[PDB]
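We begin with a single chain expressed as structure tokens, specifically the form deposited in one PDB entry.
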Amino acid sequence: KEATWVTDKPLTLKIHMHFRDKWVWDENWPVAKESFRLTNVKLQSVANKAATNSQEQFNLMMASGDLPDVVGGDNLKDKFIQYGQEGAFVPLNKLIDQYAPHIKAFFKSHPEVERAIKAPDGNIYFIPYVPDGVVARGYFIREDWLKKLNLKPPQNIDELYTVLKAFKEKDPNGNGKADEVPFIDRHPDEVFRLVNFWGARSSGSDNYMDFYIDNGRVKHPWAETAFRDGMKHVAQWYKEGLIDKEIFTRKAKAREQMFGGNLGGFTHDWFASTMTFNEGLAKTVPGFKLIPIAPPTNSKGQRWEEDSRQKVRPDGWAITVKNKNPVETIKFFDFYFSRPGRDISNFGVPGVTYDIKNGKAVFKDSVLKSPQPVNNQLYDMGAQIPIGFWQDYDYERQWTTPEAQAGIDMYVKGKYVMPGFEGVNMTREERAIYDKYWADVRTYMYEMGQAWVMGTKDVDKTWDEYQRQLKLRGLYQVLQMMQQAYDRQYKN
């Protein structure tokens, strides 16, 4: 018997969980075993390990009619809410208020998370994966190059331009060639984020090309005239070779290639992984050193870091109408918002991956020193998976180098990070319009954006037509449904 036991008699629940198009709940997972030991509730996987399309597997199950007790996975928010409104998933509101003290208190102190997951009928149909942490990407620059060229780190957009041209013109790698590529980035979409430097937004959240809220108004950044003026500068920079010619194609290994080759000297990427190149390249590129910098003041006079971590993920789990043990299940869910539950779901298994020290879960050196990334070690154990749980940033702090952490603290202290838009949940009516036109509009914008950057089309010559096409393709109907849903969810 454990102090955390949910039931006096061992309870086995059937769960369908398929996530990341490759994994399913594995009851042989060390964490799954520990979870059962601590709650007296065991999860039995009815999902198909061999299936390679998680979203599809969800549908075949839903159609199947024969439902399990619990359904979990990533990117299921939308489906949880729709199949919840037509009665397949049990509303959790009352269940939480009476049997989940930890979940209850969490929502109480994190109202924004609660709003974000509320279906249009006001019900809560799933417990979400709550991530921890605020800073996402940041700006990094070659300090050794600034060193050679004898320049100080840029404080505003003017100096930034000066510095990047220096990088391309004054041969910092000194191989007597003009082979330097100032801005590189493994995520092509980051090139559009550059418009931030001219007071224009490129997205309302960490998701690329997302809507944002401006004075209670749902808007799309790519449709604003601000974006037009920003793109003009971006296209000029591309024309001058300040931006990687292959920005749209290099992708994934851009850092290894460009940094390893000693060609690039500036990027916008995640703190942890980007800073590791300082160590992994000490050998191959002597003196190589990237430093995080506060975002240079933009033309409007402010420091902008548009990217941030979402406060809630569209992942989690729900209770089906067929679950004959709703209160035991909810108490079980609640365990994952309690410290002991947060411990195993974030750190793994005591004695194996961590140990309690000073009342804190502390990873073993073997775990931190391994070339295998901590996240992957945990996934293989059933930890850091898309069930409904409260993530603990301290697990991440432990494998983030001191230099990266200092950079992150600087961003938090600087208050440059803009709050992201957590999205809205739409009714059938609304969703119908969105699903019919959004994708078309989005791809259209992306194609024009790409052409504008590459100079394939002049922005000023095509802006009026671009605006015309946006209205013609449904932008306005999409926004109206977004606005309607927004007013209902955030203004009621």
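A residue's number is simply how far along the shown sequence it sits, counting from 1.
As for the form deposited in another entry, it is not shown, yet the points below apply to it.
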The hinge between the rigid parts moving between this form and the one not shown lies, among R428, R309, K364, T162, at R309
Would one find the Cα atoms of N358 and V412 closer or farther in the other entry than in this form, where their distance changes by 3 Å or more?
farther
Closer or farther: how do the Cα atoms of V412 and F107 compare in the other entry versus the shown form, where the change is at least 3 Å?
farther
